[PDB]
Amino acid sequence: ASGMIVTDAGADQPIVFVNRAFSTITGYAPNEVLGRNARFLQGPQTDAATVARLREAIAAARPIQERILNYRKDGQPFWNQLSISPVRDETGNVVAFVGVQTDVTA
């Protein structure tokens, strides 16, 4: 099952909601992640160029898909097939971002 993260649009995109599969994949409970930017999932082997592409896409409110190395709460690495999209109103204002995570390690 794939994870889902909703963040606010502004203010460095704090997490406002996660689904159950996010906890299954990452080992973090909702309490441990609400109000934080999702970059705590990254670590030393995460590819910096991938991170840069995410950073630029989010700043532009452009959809993006990447495979990125992430880390569970206990430190276990896993490969995350990550898809992020803005949520827009009909006037084009960005209301939120949504991200979907799939553990593709295996």
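Don't overthink the numbering: it's just position in the shown sequence, from 1.
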Next item on the list: Look up the CA B-factors in the entry and say which stretch, 84-92 or 15-23, has the higher mean.
Entry: 84-92
Check: residue 48: which third of its chain by C-alpha temperature factor?
Finding: highest
Check: Going by what the PDB entry lists, where does residue 35 fall on CA B-factor within its chain: lowest, middle or highest third?
Finding: lowest
Check: With respect to C-alpha B-factor, does residue 100 fall in the lowest, middle or highest third of the chain as deposited?
Finding: lowest
Notebook entry, point to check: Which third, lowest, middle or highest, does the CA B-factor of residue 4 fall in along this chain?
Noted result: middle
Notebook entry, point to check: Once the chain's modelled residues are ordered by C-alpha B factor and cut into thirds, is residue 70 in the lowest, middle or highest one?
Noted result: lowest
